[PDB]
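*Asks:* Here it is: the structure, laid out below.
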Amino acid sequence: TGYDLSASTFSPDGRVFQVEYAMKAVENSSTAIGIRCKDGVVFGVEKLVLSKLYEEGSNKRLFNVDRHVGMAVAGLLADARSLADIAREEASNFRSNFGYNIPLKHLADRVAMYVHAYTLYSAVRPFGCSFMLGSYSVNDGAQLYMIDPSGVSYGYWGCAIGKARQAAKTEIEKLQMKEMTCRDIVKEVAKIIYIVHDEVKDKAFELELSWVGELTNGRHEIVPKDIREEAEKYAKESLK
Amino acid sequence: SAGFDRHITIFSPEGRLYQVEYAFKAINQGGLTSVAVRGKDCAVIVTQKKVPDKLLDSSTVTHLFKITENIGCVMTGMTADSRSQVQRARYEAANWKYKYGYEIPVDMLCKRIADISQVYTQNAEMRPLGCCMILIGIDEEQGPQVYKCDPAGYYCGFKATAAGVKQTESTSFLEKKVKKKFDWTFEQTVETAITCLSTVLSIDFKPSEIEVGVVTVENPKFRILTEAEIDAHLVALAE
Amino acid sequence: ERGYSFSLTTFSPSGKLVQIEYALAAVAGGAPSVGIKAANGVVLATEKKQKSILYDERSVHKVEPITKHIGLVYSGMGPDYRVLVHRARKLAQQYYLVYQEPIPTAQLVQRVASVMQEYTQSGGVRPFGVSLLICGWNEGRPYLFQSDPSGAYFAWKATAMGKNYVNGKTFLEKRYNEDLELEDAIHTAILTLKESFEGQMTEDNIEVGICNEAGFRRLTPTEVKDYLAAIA
Amino acid sequence: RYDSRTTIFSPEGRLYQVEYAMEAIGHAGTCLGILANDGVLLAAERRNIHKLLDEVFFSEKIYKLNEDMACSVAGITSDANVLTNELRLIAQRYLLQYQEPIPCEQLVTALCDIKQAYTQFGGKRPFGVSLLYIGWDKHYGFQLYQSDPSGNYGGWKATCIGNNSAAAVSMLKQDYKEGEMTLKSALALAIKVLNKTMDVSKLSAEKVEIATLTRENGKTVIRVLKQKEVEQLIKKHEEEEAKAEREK
Amino acid sequence: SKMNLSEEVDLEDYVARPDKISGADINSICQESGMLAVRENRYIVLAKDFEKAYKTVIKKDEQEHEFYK
């Protein structure tokens with residue numbers, strides 16, 4: 001109280017409260033997980049359908065930053081879409097000024113610095129969305145970076161963001177992502193998403209998958225339905 | 001007295017800037033501690049590498065950021081602000097090299113960084129970067145140099161220094177240590193840094209949790225010690 | 001009148017720009033600094049105490065040169081002193097470029113004070129929490145001025161700023177004579193700092209610099225050592 | 001309250017910040033000027049008379065603006081410097097544009113316009129400096145001009161600004177003979193007024209500056225009285241006071 | 001006077017120091033000297049513990065955040 005009204009005021013104990021509040025906004029959203037294969041990165045988010053009138057794909061949280069980069073936002077969807085636009089702009093500028101695809105580490109660092117710049121001023125508020133970036137290229141392998149409203153971003157072997165972050169993390173540790181390929185790990189991602197779902201507080205959800213790896217020739221695209229359905233079947237095979 | 005701590009540009013009745021002090025207190029939020037020691041011909045920095053999760057990529061959690069080949073840094077404090085400050089430092093070093101030819105000395109480098117921090121703390125436009133910057137680098141005619149320089153914009157040269165949650169105890173240990181004149185050798189410098197951090201932390205210092213970077217007169221290039229050299233230094237330290 | 005002690009662009013009902021006095025109080029809580037003008041030169045002396053032996057004493061110098069014949073000593077906040085010395089150097093170089101003559105000390109002080117005043121006229125910019133003490137040797141006569149965050153500048157013959165400045169001022173007007181010379185001025189600065197100094201005054205703990213006709217130069221630790229040994 | 005910023009109007013229609021700035025002027029040292037038939041002068045009091053303070057400029061309170069203008073200063077030192085620098089700038093700009101000296105009132109009007117703009121636009125505090133002006137011009141000759149922090153000026157024959165202004169002005173109005181004052185009589189009156197305007201007795205010469213404006217052979221020489229003539233005036237006033245008490 | 005003290009301690013060594021410390025500081029110095037002597041199971045107060053107590057009490061700056069000075 002008193003020190004939490006603006007993003008530029010330090011608390012007496014020394015913590016920017018607005019950033020923590022924006023974090024709490026992210027924690028209020030649904031779970032989005034990304035698992036790095038031995039040979040790629042797979043994205044899966046739990047997209048709740050708020051009303052049945054929607055169009056089985058409206059306001060999707062899976063965004064294509066570039067040909068090889070994918071984003072799996074979780075949080076305030078307007079801020080997430082704006083951040084996806086900023087990431088696309090950064091990737092396009094990097095490609096235009098340097099001639100080659102932006103490395104995932106550099107893109108994550110730049111988008112994080114853009115995010116962190118919004119926790120520095122009183123006239124702007126920190127972003128209310130947390131997003132994870134994934135890409136694959138034979139030159140530098142598979143990378144997966146998660147960026148939260150603070151602007152901090154390090155690579156992850158496997159990360160979750162949203163309400164059931166903790167449960168998704170407990171389940172994802174018992175997976176040996178170091179050696180598995182991006183084929184069965186998609187079924188695993190579907191199974192974890194189905195485990196992390198309340199189903200009595202959240203009425204329904206539409207599972208959407210995404211990946212980038214060797215089997216997608218280094219590009220990021222929507223997971224094909226002809227194997228997304230089998231991932232869903234494996235998820236149903238698990239009782240929860 | 002307590003009403004003057006909401007804007008950085010407002011002076012306390014006793015003549016203090018409370019927002020700057022709060023930013024200083026924000027440095028300890030990371031829960032990490034970094035210590036830097038200057039030898040006769042080398043400068044060694046070590047810092048905690050906390051990975052409280054098996055799924056983190058330990059390669060990307062490193063707090064040692066290389067400003068240039070002959071200038072290195074360790075950043076303690078809030079992560080995002082520290083990363084912004086290192087990007088600014090790299091830009092400043094590159095601009096100095098482009099504008100004057102010769103590489104920027106370490107003191108001048110984060111003296112410019114501290115000038116940026118000070119202009120931040122004077123004009124109330126952005127919050128000061130809650131991150132302490134510790135610089136190293138071999139400089140000609142002056143030997144090794146390590147300068148710690150802070151959000152307030154205060155920069156100084158140190159024979160040894162440290163910043164983080166466990167700052168005062170580590171500085172007291174170094175005071176007890178840097179009073180006995182002895183050959184400050186590479187081995188001895190790394191050993192004394194590791195002893196400082198271990199004793200202040202009261203931790204056995206498994207090699208996976210400490211990350212070390214050193215610049216030497218013989219090799220004036222910032223080099224980050226990998227697992228093998230860190231373990232060798234620890235075992236040489238124990239015996 | 002606690003309601004008017006926040007903004008810099010408002011007048012108190014009594015008519016006091018409260019933030020200026022607050023910055024002055026911040027200045028007076030700074031490190032001691034004393035400067036004396038002798039018949040042949042000017043002496044600037046500040047104490048430079050680190051919290052530990054862990055600090056390189058020679059890395060940061062409280063006494064800095066502006067031109068070949070202008071010095072700077074401060075009492076207050078060092079980070080503000082750095083921007084102040086940078087601005088003073090730029091103003092001196094601009095004057096030199098325009099007029100092809102080393103900038104007069106009075107003119108340098110006036111321009112520096114105008115820079116200091118520039119931060120005391122708008123909300124959102126903090127007054128410089130540091131007061132400068134400026135030496136100089138112009139037209140064959142020594143100069144000594146003090147510039148405040150208020151923007152006011154005067155022509156102190158001899159003064160002490162910072163912590164325990166009252167004691168330093170009381171020592172002055174007692175051991176200060178208008179017809180002294182450079183060595184006596186150095187000695188007077190040494191004793192003036194001494195009674196405002198806690199602990200032993202080492203060659204690293206006190207930084208001095210004379211500002212005579214030969215120009216301003218920061219005395220090396222050897223000269224401070226021999227001067228202190230003569231005093232001690 | 002209605003004094004949060006200068007742009008706020010009180011319900012009665014009073015700029016409280018402006019009134020605060022004017023009431024603050026009394027904190028400044030005493031400054032006064034007397035208009036005589038053959039010239040005009042200014043008198044100032046040095047509040048800071050510390051023996052450790054060197055006097056190098058000899059014009060800390062009275063500033064020369066143009067070859068035929070001068071001004072006394074009372075108020076905030078930084079604002080004082082800013083206003084005098086702007087005064088010199090306006091004077092030289094008018095000289096460059098018209099190639100004739102400023103008719104005094106124009107320069108005063110320029111300062112008053114700047115000050116009014118400062119008290120009108122938001123984000124700027126009023127200039128807490130009230131300054132007297134002296135000068136000679138081809139249209140009306142010797143003039144004494146007064147400036148307030150609000151930018152309201154006015155022609156005057158003799159005023160006082162600073163400490164104990166009201167008493168000095170009242171005694172000026174009591175014992176000023178219109179159209180019968182010479183520069184010597186004006187100096188004597190200024191010394192008499194400054195004697196008991198300030199609480200300090202004996203009227204030390206080191207604590208008082210006087211500058212006089214004269215019209216000699218069309219040159220308009222601005223003279224600041226040195227310590228010798230000031231001390232001579234002090235002794236003259238002392239002997240006059242001794243003669244006055246002889247009747248007692 | 002009431003303390004046991006020792007022959008080797010010379011209070012004039014501590015008095016002549018330029019540090020400006022109040023009478024409360026003197027009392028604190030002496031009490032810390034007694035505590036240091038008692039901690040080492042010694043009933044006599046010597047130069048070393050008195051010096052260490054002096055140094056401890058003299059240290060009053062604490063943080064000061066390094067830029068106010």
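Residues are referred to by chain and number: the chain letter is A, B, ... according to the order shown in the structure tokens, the number counts from 1 in that chain, and ligands are numbered separately from 1 in the order shown.
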Extract, using only C-alpha atoms, all DNA, RNA and protein residues at most 9 Å from residue C:186, discarding same-chain residues fewer than 2 positions from it, and format them as a list in words.

*Replies:*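 Once the nearby chain positions are removed, what remains is residues 36, 42, 43, 44, 45, 181, 182, 183, 184, 188, 189, 190, 191, 208, 209, 210 and 227 of chain C.
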
*Asks:* Go ahead and write the selection's residues with N, CA, C and O atoms as a short mmCIF file (atom, residue, chain, number, x, y, z; two decimals), in the first residue's frame.

*Replies:*
data_model
loop_
_atom_site.label_atom_id
_atom_site.label_comp_id
_atom_site.auth_asym_id
_atom_site.auth_seq_id
_atom_site.Cartn_x
_atom_site.Cartn_y
_atom_site.Cartn_z
N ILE C 36 41.27 27.41 1.21
CA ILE C 36 41.81 28.69 1.66
C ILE C 36 42.51 29.36 0.49
O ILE C 36 43.22 28.70 -0.28
N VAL C 42 45.92 29.20 -4.12
CA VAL C 42 44.72 28.67 -3.48
C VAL C 42 44.95 27.21 -3.16
O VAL C 42 45.56 26.47 -3.93
N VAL C 43 44.44 26.78 -2.00
CA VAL C 43 44.58 25.41 -1.54
C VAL C 43 43.19 24.81 -1.34
O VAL C 43 42.33 25.42 -0.69
N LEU C 44 42.97 23.63 -1.91
CA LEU C 44 41.73 22.89 -1.74
C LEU C 44 42.05 21.56 -1.06
O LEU C 44 42.98 20.86 -1.47
N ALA C 45 41.29 21.23 -0.02
CA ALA C 45 41.55 20.02 0.76
C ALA C 45 40.23 19.37 1.14
O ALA C 45 39.36 20.02 1.73
N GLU C 181 51.00 32.55 2.61
CA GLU C 181 51.43 32.07 1.30
C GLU C 181 51.03 30.60 1.16
O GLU C 181 50.30 30.06 2.00
N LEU C 182 51.51 29.97 0.09
CA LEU C 182 50.97 28.67 -0.30
C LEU C 182 51.23 27.60 0.75
O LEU C 182 50.34 26.80 1.05
N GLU C 183 52.44 27.55 1.30
CA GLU C 183 52.76 26.50 2.28
C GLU C 183 51.96 26.68 3.57
O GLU C 183 51.45 25.70 4.13
N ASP C 184 51.85 27.92 4.05
CA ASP C 184 51.03 28.17 5.23
C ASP C 184 49.56 27.85 4.95
O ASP C 184 48.85 27.36 5.83
N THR C 188 47.34 25.22 6.98
CA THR C 188 46.07 25.61 7.56
C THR C 188 44.96 24.66 7.11
O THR C 188 44.10 24.29 7.91
N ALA C 189 44.97 24.26 5.84
CA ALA C 189 44.01 23.28 5.37
C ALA C 189 44.20 21.95 6.08
O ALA C 189 43.22 21.27 6.42
N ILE C 190 45.45 21.56 6.33
CA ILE C 190 45.72 20.29 7.00
C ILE C 190 45.11 20.29 8.40
O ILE C 190 44.42 19.34 8.79
N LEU C 191 45.36 21.35 9.17
CA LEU C 191 44.77 21.40 10.51
C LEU C 191 43.25 21.59 10.47
O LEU C 191 42.54 21.06 11.33
N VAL C 208 44.52 16.66 -1.44
CA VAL C 208 44.68 18.10 -1.51
C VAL C 208 45.24 18.47 -2.88
O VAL C 208 45.80 17.65 -3.60
N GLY C 209 45.06 19.74 -3.24
CA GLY C 209 45.62 20.27 -4.47
C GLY C 209 45.75 21.78 -4.46
O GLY C 209 44.79 22.49 -4.16
N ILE C 210 46.94 22.29 -4.79
CA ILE C 210 47.18 23.72 -4.82
C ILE C 210 46.79 24.27 -6.19
O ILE C 210 46.66 23.52 -7.16
N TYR C 227 54.05 16.85 3.81
CA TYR C 227 53.35 17.97 4.44
C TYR C 227 52.75 17.56 5.77
O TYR C 227 52.84 18.29 6.76
#

*Asks:* Starting from chain C, keep only residues with some atom at most 7 Å from an atom of chain D, counting only C-alpha atoms, and report them as a list in words.

*Replies:* residues 9, 10, 11, 12, 13, 14, 15, 117, 121, 122, 150, 151, 152, 155, 156, 157, 158 and 173 of chain C

*Asks:* Could you write out the selected residues, including N, CA and C atoms, as a compact mmCIF listing (two decimals), in the first residue's frame?

*Replies:*
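As written to disk, part-v1.txt reads:
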# COMPACT_ATOMS: atom_id res chain seq x y z
N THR C 9 8.58 23.70 -7.55
CA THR C 9 8.04 24.83 -8.29
C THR C 9 6.92 25.54 -7.54
N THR C 10 6.87 25.42 -6.21
CA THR C 10 5.87 26.09 -5.41
C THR C 10 6.54 26.88 -4.30
N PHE C 11 5.90 27.99 -3.92
CA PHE C 11 6.40 28.84 -2.85
C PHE C 11 5.65 28.53 -1.56
N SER C 12 6.37 28.46 -0.46
CA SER C 12 5.74 28.32 0.84
C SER C 12 5.00 29.60 1.19
N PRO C 13 4.01 29.53 2.09
CA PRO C 13 3.36 30.77 2.53
C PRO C 13 4.34 31.78 3.10
N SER C 14 5.37 31.31 3.79
CA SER C 14 6.47 32.18 4.19
C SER C 14 7.34 32.58 3.02
N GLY C 15 7.35 31.79 1.95
CA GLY C 15 8.12 32.11 0.77
C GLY C 15 9.48 31.44 0.73
N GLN C 117 21.48 26.02 -11.28
CA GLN C 117 20.14 26.60 -11.21
C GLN C 117 19.19 25.94 -12.20
N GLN C 121 14.28 24.56 -11.29
CA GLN C 121 13.18 25.36 -11.81
C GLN C 121 12.02 24.55 -12.35
N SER C 122 12.08 23.22 -12.32
CA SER C 122 11.01 22.39 -12.85
C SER C 122 10.76 21.21 -11.92
N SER C 150 21.44 26.01 -4.85
CA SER C 150 20.57 27.16 -5.03
C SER C 150 20.92 27.97 -6.27
N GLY C 151 22.12 27.80 -6.82
CA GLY C 151 22.59 28.62 -7.91
C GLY C 151 23.35 29.85 -7.48
N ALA C 152 23.39 30.14 -6.18
CA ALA C 152 24.15 31.27 -5.68
C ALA C 152 25.64 30.94 -5.64
N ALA C 155 32.47 34.45 -3.00
CA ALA C 155 33.91 34.52 -3.20
C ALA C 155 34.68 34.27 -1.90
N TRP C 156 34.39 33.14 -1.25
CA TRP C 156 35.05 32.76 0.00
C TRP C 156 36.55 32.97 -0.04
N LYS C 157 37.05 33.78 0.89
CA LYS C 157 38.49 33.83 1.15
C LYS C 157 38.98 32.50 1.69
N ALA C 158 38.23 31.91 2.62
CA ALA C 158 38.55 30.62 3.21
C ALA C 158 37.31 30.07 3.89
N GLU C 173 39.18 32.20 10.61
CA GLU C 173 39.15 33.50 11.29
C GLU C 173 40.00 33.48 12.56

*Asks:* Among stretch 145-195 of chain A, which ones does DSSP assign to helix (DSSP H, G or I) (computed from the backbone)? Answer as a compact mmCIF listing (two decimals) with N, CA, C and O atoms, in the first residue's frame.

*Replies:*
# COMPACT_ATOMS: atom_id res chain seq x y z
N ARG A 165 0.55 -24.27 -13.07
CA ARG A 165 1.97 -24.33 -13.36
C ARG A 165 2.65 -25.40 -12.52
O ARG A 165 3.42 -26.21 -13.05
N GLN A 166 2.37 -25.43 -11.22
CA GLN A 166 3.10 -26.32 -10.32
C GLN A 166 2.87 -27.78 -10.67
O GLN A 166 3.82 -28.56 -10.75
N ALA A 167 1.61 -28.17 -10.89
CA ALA A 167 1.32 -29.57 -11.21
C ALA A 167 1.95 -29.97 -12.53
O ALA A 167 2.48 -31.08 -12.67
N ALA A 168 1.89 -29.08 -13.53
CA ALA A 168 2.52 -29.36 -14.81
C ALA A 168 4.02 -29.53 -14.65
O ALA A 168 4.63 -30.36 -15.33
N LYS A 169 4.63 -28.76 -13.75
CA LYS A 169 6.06 -28.95 -13.50
C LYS A 169 6.34 -30.27 -12.79
O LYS A 169 7.28 -30.97 -13.18
N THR A 170 5.55 -30.64 -11.78
CA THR A 170 5.78 -31.92 -11.12
C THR A 170 5.65 -33.08 -12.09
O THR A 170 6.41 -34.05 -12.01
N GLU A 171 4.71 -33.00 -13.02
CA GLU A 171 4.56 -34.08 -13.98
C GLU A 171 5.63 -34.04 -15.06
O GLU A 171 6.07 -35.10 -15.51
N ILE A 172 6.08 -32.86 -15.47
CA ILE A 172 7.05 -32.77 -16.56
C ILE A 172 8.45 -33.20 -16.13
O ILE A 172 9.26 -33.59 -16.98
N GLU A 173 8.77 -33.15 -14.83
CA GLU A 173 10.07 -33.63 -14.38
C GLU A 173 10.22 -35.13 -14.54
O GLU A 173 11.34 -35.61 -14.77
N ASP A 184 6.42 -38.90 -29.94
CA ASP A 184 5.71 -39.34 -28.75
C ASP A 184 5.58 -38.25 -27.70
O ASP A 184 4.65 -38.28 -26.89
N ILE A 185 6.50 -37.28 -27.69
CA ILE A 185 6.44 -36.22 -26.69
C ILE A 185 5.22 -35.35 -26.91
O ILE A 185 4.75 -34.69 -25.98
N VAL A 186 4.66 -35.33 -28.12
CA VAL A 186 3.40 -34.63 -28.34
C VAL A 186 2.27 -35.32 -27.61
O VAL A 186 1.43 -34.67 -26.96
N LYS A 187 2.22 -36.65 -27.69
CA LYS A 187 1.25 -37.40 -26.90
C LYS A 187 1.46 -37.14 -25.42
O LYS A 187 0.49 -36.98 -24.66
N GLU A 188 2.72 -37.08 -24.99
CA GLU A 188 3.00 -36.75 -23.59
C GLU A 188 2.47 -35.36 -23.23
O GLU A 188 1.89 -35.18 -22.17
N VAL A 189 2.68 -34.37 -24.11
CA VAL A 189 2.23 -33.01 -23.83
C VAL A 189 0.71 -32.99 -23.67
O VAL A 189 0.18 -32.35 -22.76
N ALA A 190 0.01 -33.68 -24.56
CA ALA A 190 -1.45 -33.77 -24.44
C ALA A 190 -1.84 -34.41 -23.12
O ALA A 190 -2.78 -33.95 -22.45
N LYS A 191 -1.13 -35.47 -22.73
CA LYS A 191 -1.48 -36.14 -21.48
C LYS A 191 -1.26 -35.22 -20.28
O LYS A 191 -2.10 -35.18 -19.37
N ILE A 192 -0.16 -34.46 -20.26
CA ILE A 192 0.07 -33.55 -19.14
C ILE A 192 -0.98 -32.45 -19.11
O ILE A 192 -1.47 -32.08 -18.04
N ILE A 193 -1.32 -31.90 -20.27
CA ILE A 193 -2.35 -30.86 -20.32
C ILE A 193 -3.65 -31.40 -19.76
O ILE A 193 -4.37 -30.71 -19.03
N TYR A 194 -3.97 -32.66 -20.08
CA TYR A 194 -5.21 -33.24 -19.56
C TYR A 194 -5.11 -33.51 -18.06
O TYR A 194 -6.13 -33.43 -17.36
N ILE A 195 -3.92 -33.84 -17.56
CA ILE A 195 -3.75 -33.97 -16.11
C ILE A 195 -3.95 -32.63 -15.42
O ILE A 195 -4.63 -32.53 -14.39

*Asks:* Any chance you could tabulate, as a Markdown table, the residues of chain B at most 12 Å from chain E with each one's nearest atom pair and distance in Å to one decimal, using only C-alpha atoms, in chain and rising number order?

*Replies:*
| residue | atom | partner | partner_atom | distance |
| --- | --- | --- | --- | --- |
| B:14 | CA | E:68 | CA | 11.3 |
| B:15 | CA | E:68 | CA | 9.0 |
| B:16 | CA | E:68 | CA | 7.9 |
| B:17 | CA | E:68 | CA | 9.4 |
| B:18 | CA | E:65 | CA | 10.7 |
| B:20 | CA | E:65 | CA | 9.1 |
| B:21 | CA | E:65 | CA | 7.1 |
| B:22 | CA | E:65 | CA | 10.6 |
| B:23 | CA | E:65 | CA | 10.9 |
| B:24 | CA | E:65 | CA | 8.0 |
| B:25 | CA | E:65 | CA | 10.1 |
| B:114 | CA | E:67 | CA | 11.8 |
| B:118 | CA | E:67 | CA | 11.0 |
| B:148 | CA | E:66 | CA | 11.5 |
| B:149 | CA | E:66 | CA | 10.4 |
| B:150 | CA | E:66 | CA | 9.6 |
| B:151 | CA | E:67 | CA | 10.6 |
| B:152 | CA | E:67 | CA | 7.4 |
| B:153 | CA | E:67 | CA | 8.3 |
| B:154 | CA | E:67 | CA | 6.1 |
| B:155 | CA | E:67 | CA | 9.2 |
| B:156 | CA | E:66 | CA | 9.9 |
| B:167 | CA | E:63 | CA | 10.9 |
| B:168 | CA | E:63 | CA | 9.0 |

*Asks:* Just want the 8 Å neighbourhood of residue C:172, counted on only C-alpha atoms, with same-chain residues fewer than 4 positions away dropped. Output as a compact mmCIF listing (two decimals) with C-alpha atoms, in the first residue's frame.

*Replies:*
# COMPACT_ATOMS: atom_id res chain seq x y z
CA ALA C 158 38.55 30.62 3.21
CA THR C 159 35.73 28.25 4.15
CA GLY C 168 36.01 24.33 10.41
CA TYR C 176 43.78 32.37 8.85
CA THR C 192 41.30 22.53 9.39

*Asks:* So which residues touch residue B:116 within 12 Å, counting only C-alpha atoms, skipping near sequence neighbours fewer than 4 positions away, as a ChimeraX atom specification?

*Replies:* /B:85,88-89,92,109-112,120-123,126-129,149-155 /C:79-80,82-83

*Asks:* Write the residues you've just listed into a file as a short mmCIF file (atom, residue, chain, number, x, y, z; two decimals), in the first residue's frame, and include N, CA, C and O atoms for each of them.

*Replies:*
data_model
loop_
_atom_site.label_atom_id
_atom_site.label_comp_id
_atom_site.auth_asym_id
_atom_site.auth_seq_id
_atom_site.Cartn_x
_atom_site.Cartn_y
_atom_site.Cartn_z
N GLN B 85 21.19 -3.40 -18.06
CA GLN B 85 22.41 -2.64 -17.78
C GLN B 85 23.61 -3.22 -18.52
O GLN B 85 24.47 -2.47 -18.98
N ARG B 88 23.37 -2.09 -22.08
CA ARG B 88 23.83 -0.71 -22.15
C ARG B 88 25.35 -0.62 -22.05
O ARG B 88 25.97 0.20 -22.74
N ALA B 89 25.95 -1.44 -21.19
CA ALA B 89 27.41 -1.42 -21.04
C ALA B 89 28.10 -1.89 -22.32
O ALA B 89 29.12 -1.31 -22.72
N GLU B 92 27.89 0.91 -24.74
CA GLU B 92 28.83 1.98 -24.40
C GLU B 92 30.25 1.61 -24.79
O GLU B 92 30.99 2.44 -25.33
N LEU B 109 34.43 2.64 -18.36
CA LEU B 109 33.24 1.93 -18.83
C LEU B 109 32.11 2.03 -17.80
O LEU B 109 31.04 2.58 -18.09
N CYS B 110 32.32 1.53 -16.59
CA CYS B 110 31.11 1.66 -15.80
C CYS B 110 31.08 2.97 -15.04
O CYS B 110 30.13 3.20 -14.29
N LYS B 111 32.05 3.87 -15.25
CA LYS B 111 31.82 5.26 -14.89
C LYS B 111 30.78 5.89 -15.80
O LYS B 111 29.93 6.65 -15.35
N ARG B 112 30.82 5.55 -17.09
CA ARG B 112 29.73 5.92 -17.98
C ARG B 112 28.43 5.25 -17.55
O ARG B 112 27.36 5.87 -17.56
N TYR B 120 19.57 8.90 -14.42
CA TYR B 120 18.31 8.24 -14.11
C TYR B 120 17.78 8.67 -12.75
O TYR B 120 16.58 8.92 -12.58
N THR B 121 18.67 8.75 -11.76
CA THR B 121 18.23 9.03 -10.39
C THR B 121 17.96 10.52 -10.18
O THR B 121 17.32 10.89 -9.19
N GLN B 122 18.43 11.38 -11.09
CA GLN B 122 18.19 12.81 -10.93
C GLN B 122 16.85 13.21 -11.53
O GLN B 122 15.98 13.75 -10.84
N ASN B 123 16.66 12.96 -12.82
CA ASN B 123 15.39 13.25 -13.48
C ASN B 123 14.44 12.09 -13.25
O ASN B 123 14.73 10.95 -13.63
N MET B 126 12.49 7.30 -15.02
CA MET B 126 12.52 5.85 -14.96
C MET B 126 13.08 5.45 -13.60
O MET B 126 13.88 6.18 -13.01
N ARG B 127 12.65 4.30 -13.10
CA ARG B 127 13.19 3.82 -11.83
C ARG B 127 14.64 3.42 -12.02
O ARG B 127 15.01 2.92 -13.10
N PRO B 128 15.50 3.63 -11.03
CA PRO B 128 16.89 3.19 -11.16
C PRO B 128 16.97 1.68 -11.29
O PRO B 128 16.17 0.94 -10.70
N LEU B 129 17.93 1.22 -12.08
CA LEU B 129 18.10 -0.21 -12.33
C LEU B 129 18.55 -0.89 -11.04
O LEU B 129 19.67 -0.66 -10.57
N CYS B 149 30.15 -0.67 -9.02
CA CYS B 149 29.51 0.60 -9.31
C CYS B 149 28.01 0.40 -9.47
O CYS B 149 27.58 -0.50 -10.20
N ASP B 150 27.23 1.23 -8.77
CA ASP B 150 25.91 0.88 -8.25
C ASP B 150 24.77 1.70 -8.84
O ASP B 150 25.02 2.62 -9.63
N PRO B 151 23.51 1.39 -8.51
CA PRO B 151 22.39 2.19 -9.04
C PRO B 151 22.45 3.67 -8.72
O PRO B 151 21.98 4.49 -9.52
N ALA B 152 23.00 4.05 -7.57
CA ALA B 152 23.12 5.47 -7.25
C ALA B 152 23.99 6.21 -8.24
O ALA B 152 23.81 7.41 -8.45
N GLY B 153 24.94 5.51 -8.87
CA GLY B 153 25.87 6.15 -9.77
C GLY B 153 27.21 6.40 -9.11
O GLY B 153 27.96 7.29 -9.53
N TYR B 154 27.51 5.64 -8.07
CA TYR B 154 28.78 5.74 -7.35
C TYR B 154 29.68 4.61 -7.81
O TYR B 154 29.35 3.44 -7.64
N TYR B 155 30.83 4.97 -8.39
CA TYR B 155 31.79 3.99 -8.87
C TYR B 155 33.10 4.17 -8.12
O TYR B 155 33.48 5.29 -7.77
N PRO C 79 28.09 11.19 -7.10
CA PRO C 79 27.49 11.06 -8.44
C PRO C 79 27.03 12.37 -9.04
O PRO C 79 27.20 12.58 -10.25
N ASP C 80 26.47 13.27 -8.23
CA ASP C 80 26.14 14.60 -8.74
C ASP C 80 27.40 15.41 -9.01
O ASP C 80 27.43 16.23 -9.94
N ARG C 82 30.06 14.27 -10.26
CA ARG C 82 30.62 13.83 -11.54
C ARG C 82 29.96 14.55 -12.71
O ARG C 82 30.64 15.04 -13.62
N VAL C 83 28.63 14.63 -12.71
CA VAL C 83 27.97 15.38 -13.77
C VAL C 83 28.33 16.86 -13.67
O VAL C 83 28.49 17.54 -14.69
#

*Asks:* Would you give me, as a list in words, the residues in stretch 3-69 of chain C that DSSP reads as strand (DSSP E)?

*Replies:* residues 33, 34, 35, 36, 37, 42, 43, 44, 45, 46, 47, 55, 56, 64, 65, 66 and 67 of chain C
